[PDB]
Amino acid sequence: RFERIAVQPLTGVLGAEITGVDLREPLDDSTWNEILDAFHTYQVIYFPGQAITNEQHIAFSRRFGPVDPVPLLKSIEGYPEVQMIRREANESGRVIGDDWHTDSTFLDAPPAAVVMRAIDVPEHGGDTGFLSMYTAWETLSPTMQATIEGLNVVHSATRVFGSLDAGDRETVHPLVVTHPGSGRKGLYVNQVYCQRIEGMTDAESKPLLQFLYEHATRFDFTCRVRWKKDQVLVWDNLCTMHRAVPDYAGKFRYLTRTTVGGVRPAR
């Protein structure tokens, strides 16, 4: 299909460049449907050359679902929905999201998707990595799949803003989840928020989660997205993970983002 937009897949795993559409304008049914189809298929989609306003950013995001900001990020003045991924040139230390993860999985219902918009990015440096948890799951052997399919995992934010109160609040998600849009099964673990496999001792859980982390972040499951000014990107927060790359010390980097609300991860 794709008659209203042009789609250029980035890899054989995930990622696709979308052109032939103006995000500054309202989307008709046929065009929106094609975009949603590509999103469900390619999991991370990006649109070069979309110099959209804050308002148009929010409006595009709302097409995916309710705009429900992530807890920990700072919003731009006048727009609670639009939050900042900002690093000054002078700034030093460690970068936001510089390990493989997906957003806010300590929530009973984590975000469904994130709409990111490049405002000011370096000519090179500051790529974002993404990976497919569909592919991570599908590449596990049938025996391993059957072995871990019924496991549940305890998530909490203790490492991000917890002790290590709301940061210590635990929630339980299935280890393998069915995407409510695509119907497709994907692996659902991440080293940032996952604490233990429910019901297992530390000795039992640690090596299994460790393998899954190593498996999921295999290089051949990833894609690498380069940013340019006015690039608008949407990632699926359920079936992908992402990673920032701190290879731009001394350079200014500024992107905004809206967060699309989701429902309980379900088996």
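Start at 1 with the first residue shown and count on from there.
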| message | Please determine whether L164 lacks coordinates in at least a third of the other PDB entries of this protein that model its flanking residues. | response | yes
| request: Between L164 and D165, count the deposited residues left without coordinates and pick a bin: none, 1 to 3, 4 to 9, 10 or more. | output: 10 or more
| message | On mean Cα temperature factor in this entry, is 191 to 199 or 125 to 133 the higher one? | response | 191 to 199
| Selected stretch [higher average CA B-factor]: 21 to 29 or 243 to 251 | 21 to 29
| message | Take the CA temperature factors straight from the PDB entry and tell me which of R117, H155, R87, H101 peaks. | response | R87
| field | Selection from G97, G150, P71, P142 [criterion: highest C-alpha temperature factor in the record] | value | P71
| remark: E214: C-alpha B-factor third of its chain, per the entry, is the middle
| request: Would you mind checking where the Cα B-factor of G93 ranks among the modelled residues of its chain, as the lowest, middle or highest third? | output: highest
| Chain-relative CA temperature factor third for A113 | lowest
| query | Which third of the chain holds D230 when residues are ordered by C-alpha B factor: lowest, middle or highest? | reply | middle
| request: Taking the values exactly as deposited, rank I58 by C-alpha B-factor within its chain and report the matching third: lowest, middle or highest. | output: middle
